[PDB]
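Asks: First the structure, which I've put down as C-alpha cells, then a few questions once you've had a look.
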Amino acid sequence: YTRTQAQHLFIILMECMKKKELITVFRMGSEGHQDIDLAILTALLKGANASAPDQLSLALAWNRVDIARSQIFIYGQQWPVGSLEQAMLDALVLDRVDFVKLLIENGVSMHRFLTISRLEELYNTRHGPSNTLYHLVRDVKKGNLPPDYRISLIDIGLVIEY
Amino acid sequence: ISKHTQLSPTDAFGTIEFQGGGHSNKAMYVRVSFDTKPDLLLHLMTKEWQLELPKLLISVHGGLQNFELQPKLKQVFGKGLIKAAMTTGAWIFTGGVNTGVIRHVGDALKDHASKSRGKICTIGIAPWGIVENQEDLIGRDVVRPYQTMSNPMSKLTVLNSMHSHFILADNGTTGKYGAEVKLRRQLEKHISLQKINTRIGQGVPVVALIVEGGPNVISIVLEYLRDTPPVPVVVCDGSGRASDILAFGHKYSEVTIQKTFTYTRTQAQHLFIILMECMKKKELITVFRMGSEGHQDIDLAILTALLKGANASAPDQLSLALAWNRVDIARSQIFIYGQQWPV
C-alpha cells in the first residue's frame with residue numbers, strides 16, 4: 001500500500017492510538033452499538049467531556065428520549081442541586097412530553113418544582129408551537145397593549161374568566 | 001454506651017405518600033422498638049392494617065449494597081417472584097431500604113403494576129436510623145409527603161417506594177444496621193407457628209429467597225437450615241456473590257483449594273465450617289438455573305420447594321396446593337404415580 005517498509009505513516013497511527021480514548025469502532029453483530037445512529041449519538045456524550053446536565057441538555061435538544069434513558073439516567077450520576085429543576089423547566093418550554101415523563105419518573109416532583117415565578121415564566125415563552133394567547137390577552141385588555149408586554153397571572157385569571 | 005436509651009412512646013406512624021416517580025402509592029408505616037413481642041405486631045398487622053393471614057411467606061435476603069444483574073436474569077426473576085406472590089396469597093418480607101436486592105424487588109413490582117391488577121402485600125422491616133428523613137414522618141396518624149430523590153452525599157439511604165407496609169425498628173442508634181434482624185426473625189418464627197385456616201394442624205409455609213449476598217448470608221442460611229421447623233431456601237446462580245458460591249458448592253456433595261476469592265482475610269479466615277454444615281443439610285437447598293436444569297421458572301421453583309420441604313404426607317401437600325389455588329402444581333408435583341393416599 002505504501003513505499004515498502006521504508007515509507008510509512010506509523011508515527012501518525014501511533015499518535016492516534018495514543019489518543020484512543022475518542023475513537024469508536026462500529027462492528028456488525030458485536031457486543032454493543034448494533035446501529036450506526038446509536039453509535040454516532042453515543043460517541044458525542046462521552047466526547048463532550050462535560051457534566052451530566054450538559055449531556056441531558058444535548059439529549060433534550062436532539063429529542064432522543066432513548067439515548068437519555070439508556071446512556072444518561074444510569075446508577076450513580078451525581079446530579080447537582082437545582083439541575084433537574086432546570087431540565088424540567090427547559091423540557092416544559094420546548095414541549096418534550098417524553099422527557100417530562102422521564103424526569104418525573106426519575107425523582108422530580110411538580111409539588112416542589114412549580115412556583116409562581118416558574119409558572120409566570122412558562123406563560124412567557126417563545127418556543128414550541130404557535131398559540132392564540134396573545135390575541136386573547138389583547139382582547140381582554142380591550143387593546144392599548146404596549147409592545148413587549150409581560151403576561152402576569154392576573155391577566156391569565158381575567159382571560160380564563162372571559 | 002451499653003444501650004442506655006429512653007423508653008419514650010412512639011411518635012411516628014400513619015401513612016406516607018411518595019412524591020417522585022410516576023405512581024400514586026400509599027404505604028402504612030409505624031415506628032416501634034426492636035424489643036417488641038410478635039403477638040402485638042401480628043395484631044396490628046391483622047386489625048389496624050386489615051391484612052388477611054397469608055397462605056405463604058417469602059423472606060427475601062441479600063447484600064446491603066447496590067449490585068447489577070444480567071438482563072436475562074431479571075426477566076426470569078421479577079416476573080416469577082411477582083407471579084408466585086400474586087397467584088398465591090402471600091407476604092414478602094424485605095429489608096425496606098433502597099439498597100441491593102430490595103431495589104430489584106421494587107422495580108419488579110414497578111414493572112408488574114403497569115400491566116396487571118391487584119396489590120401485593122410487601123412488608124419492609126427497616127432500621128429507623130438509616131432512612132433519608134427521620135423527620136417529615138413524625139406526624140402521627142396523618143398523611144406525610146416523602147421524596148424519592150436522594151443525594152449520594154447524605155450518607156443515608158432513602159426509603160424504597162412500591163412497598164405496601166413498613167415496620168421501623170430503632171435500637172437508639174443512627175447510621176448503623178443490625179437493628180431489625182432479631183425482630184424480623186422473631187416475627188417470622190412466630191408467624192410460622194400461626195395456624196392456617198385448614199384444620200389439619202399445619203402452619204403457614206415459609207421459604208427463603210437468596211439473591212447476591214455477603215459473608216453473613218451463609219450464617220443466616222445456616223440459621224434457616226438448623227431451625228427446628230426446617231425452612232427450605234432458594235438461591236440464584238447469576239448474581240455472582242456468595243449465592244453463586246453456594247450454588248457452585250451445591251455441586252460435589254460431601255476441592256478445598258478453591259478458597260481464594262480476595263473476599264475474606266486470605267486463607268486464614270474462612271466460613272468453610274458454616275458452608276460445610278449448610279452442605280451437610282443439602283436436602284433443603286434449591287438452586288435456580290436459567291435453563292441449565294429443570295424448573296426454568298422461579299415461580300414454580302419457589303412453590304415446588306415448599307412441598308418437599310414440609311416433610312409431610314400427600315394429603316398435606318394437596319391441602320397446600322388447594323389453598324394456594326395452583327392446579328398445575330398439584331397436577332404435576334402431587335398427582336404422580338405411586339402416592340398411596342390413605343382411606
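Convention: chains lettered A, B, ... in C-alpha cells order; per-chain residue numbering from 1; ligands numbered from 1 as shown.
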Could you tell me which residues of chain A sit within 10 Å of chain B when counting only C-alpha atoms, and give me the result as a ChimeraX atom specification?

Replies: /A:75-81,101-112

Asks: Would you mind exporting the chosen residues as an mmCIF file, in the first residue's frame, restricted to C-alpha atoms?

Replies:
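again-v5.cif, freshly written:
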```cif
data_model
loop_
_atom_site.group_PDB
_atom_site.id
_atom_site.type_symbol
_atom_site.label_atom_id
_atom_site.label_comp_id
_atom_site.auth_asym_id
_atom_site.auth_seq_id
_atom_site.Cartn_x
_atom_site.Cartn_y
_atom_site.Cartn_z
ATOM 1 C CA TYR A 75 -26.897 4.463 38.502
ATOM 2 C CA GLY A 76 -24.668 6.987 40.255
ATOM 3 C CA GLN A 77 -24.762 10.158 38.149
ATOM 4 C CA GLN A 78 -24.370 12.809 40.905
ATOM 5 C CA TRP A 79 -26.830 15.461 39.775
ATOM 6 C CA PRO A 80 -26.004 18.863 41.322
ATOM 7 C CA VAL A 81 -28.572 20.829 43.289
ATOM 8 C CA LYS A 101 -42.378 11.876 31.894
ATOM 9 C CA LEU A 102 -38.818 10.551 32.220
ATOM 10 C CA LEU A 103 -37.817 13.307 34.659
ATOM 11 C CA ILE A 104 -40.977 12.757 36.723
ATOM 12 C CA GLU A 105 -40.169 9.040 36.875
ATOM 13 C CA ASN A 106 -36.566 9.845 37.876
ATOM 14 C CA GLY A 107 -37.242 11.829 41.036
ATOM 15 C CA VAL A 108 -38.537 15.344 40.377
ATOM 16 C CA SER A 109 -41.991 16.256 41.701
ATOM 17 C CA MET A 110 -44.274 19.037 40.485
ATOM 18 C CA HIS A 111 -45.334 19.980 44.029
ATOM 19 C CA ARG A 112 -41.842 21.400 44.655
#
```

Asks: Write out as a VMD selection string which residues come within 10 Å of residue 93 (chain A) when counting only C-alpha atoms, dropping same-chain ones fewer than 6 positions away.

Replies: chain A and resid 87 121 to 128

Asks: Would you mind exporting the chosen residues as an mmCIF file, in the first residue's frame, restricted to N, CA and C atoms?

Replies:
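Final output, saved to part.cif:
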```
data_model
loop_
_atom_site.group_PDB
_atom_site.id
_atom_site.type_symbol
_atom_site.label_atom_id
_atom_site.label_comp_id
_atom_site.auth_asym_id
_atom_site.auth_seq_id
_atom_site.Cartn_x
_atom_site.Cartn_y
_atom_site.Cartn_z
ATOM 1 N N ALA A 87 -33.743 21.331 34.102
ATOM 2 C CA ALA A 87 -34.037 20.422 33.000
ATOM 3 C C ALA A 87 -35.538 20.277 32.787
ATOM 4 N N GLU A 121 -43.036 32.373 34.178
ATOM 5 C CA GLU A 121 -42.049 32.223 33.114
ATOM 6 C C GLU A 121 -42.553 31.284 32.026
ATOM 7 N N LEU A 122 -43.263 30.221 32.415
ATOM 8 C CA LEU A 122 -43.842 29.308 31.436
ATOM 9 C C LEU A 122 -44.880 30.001 30.566
ATOM 10 N N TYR A 123 -45.583 30.991 31.111
ATOM 11 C CA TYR A 123 -46.576 31.715 30.327
ATOM 12 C C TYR A 123 -45.967 32.732 29.368
ATOM 13 N N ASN A 124 -44.654 32.942 29.410
ATOM 14 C CA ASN A 124 -43.975 33.948 28.597
ATOM 15 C C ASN A 124 -42.839 33.319 27.800
ATOM 16 N N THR A 125 -43.124 32.206 27.133
ATOM 17 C CA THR A 125 -42.136 31.510 26.323
ATOM 18 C C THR A 125 -42.393 31.765 24.844
ATOM 19 N N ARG A 126 -41.327 31.665 24.050
ATOM 20 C CA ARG A 126 -41.405 31.833 22.606
ATOM 21 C C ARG A 126 -41.118 30.548 21.843
ATOM 22 N N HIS A 127 -40.761 29.469 22.533
ATOM 23 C CA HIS A 127 -40.526 28.194 21.879
ATOM 24 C C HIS A 127 -41.851 27.472 21.644
ATOM 25 N N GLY A 128 -41.764 26.269 21.086
ATOM 26 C CA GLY A 128 -42.926 25.440 20.880
ATOM 27 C C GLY A 128 -43.812 25.930 19.753
#
```

Asks: Would you pick out the contacts of residue 124 (chain B) at 9 Å or less, using only C-alpha atoms, so that residues sharing its chain but fewer than 5 positions from it are not included, and give the list as a PyMOL selection string?

Replies: chain B and resi 92-97+163-168

Asks: In Å, rounded to a single decimal, give me how far CA of residue 212 (chain B) is from CA of residue 243 (chain B).

Replies: 5.5 Å

Asks: Would you mind writing down, as a VMD selection string, each residue of region 108-228 of chain B that DSSP on the backbone assigns to helix (DSSP H, G or I)?

Replies: chain B and resid 108 to 113 128 to 130 152 to 154 181 to 193 216 to 226

Asks: Just give me the gap between CA of residue 64 (chain A) and CA of residue 21 (chain A) in Å, one decimal is fine.

Replies: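 So the two atoms, CA of residue 64 (chain A) and CA of residue 21 (chain A), lie 24.4 Å apart.
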
Asks: Which residues, written as a ChimeraX atom specification, have at least one atom at most 9 Å from residue 70 (chain B), with only C-alpha atoms counted and residues fewer than 3 positions away on the same chain left out?

Replies: /B:73-74,238-239

Asks: With N, CA, C and O atoms kept, could you save the residues just selected as a short mmCIF file (atom, residue, chain, number, x, y, z; two decimals), in the first residue's frame?

Replies:
```cif
data_model
loop_
_atom_site.label_atom_id
_atom_site.label_comp_id
_atom_site.auth_asym_id
_atom_site.auth_seq_id
_atom_site.Cartn_x
_atom_site.Cartn_y
_atom_site.Cartn_z
N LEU B 73 -31.55 -12.50 33.46
CA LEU B 73 -31.92 -12.98 34.78
C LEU B 73 -33.05 -12.16 35.39
O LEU B 73 -33.90 -12.72 36.10
N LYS B 74 -33.08 -10.86 35.13
CA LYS B 74 -34.11 -10.00 35.72
C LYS B 74 -35.50 -10.39 35.24
O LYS B 74 -36.46 -10.40 36.03
N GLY B 238 -26.89 -16.57 39.01
CA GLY B 238 -26.37 -15.50 38.20
C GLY B 238 -26.00 -14.22 38.92
O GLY B 238 -25.57 -13.27 38.28
N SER B 239 -26.17 -14.18 40.25
CA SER B 239 -25.87 -12.96 40.99
C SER B 239 -24.37 -12.68 41.02
O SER B 239 -23.93 -11.56 40.76
#
```

Asks: Quick one: everything within 10 Å of region 41-54 of chain A, counting only C-alpha atoms, minus sequence neighbours fewer than 2 positions away in the same chain. Send it as a ChimeraX atom specification.

Replies: /A:21-24,33,36-39,56-60,62,64,67-68,70-73,77-80,83-84,86-87

Asks: Do a neighbour search on residue 83 (chain B) at 10 Å with only C-alpha atoms, toss out local chain neighbours closer than 5 positions, and write the hits as a PyMOL selection string.

Replies: chain B and resi 77-78+88+112+298-300

Asks: Need to verify the contact set: residue 12 (chain B), 12 Å, only C-alpha atoms, exclusion of same-chain residues closer than 4 positions in sequence. Can you return it as a list in words?

Replies: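 What passes the distance filter is residues 8, 16, 28, 29, 30, 31, 32, 33, 128, 133, 134, 135, 136, 137, 138, 139, 140, 141, 142, 143, 144, 166, 167, 168, 169 and 170 of chain B.
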
Asks: Quick check, in Å to one decimal: how far apart do CA of residue 293 (chain B) and CA of residue 64 (chain B) lie?

Replies: 29.1 Å
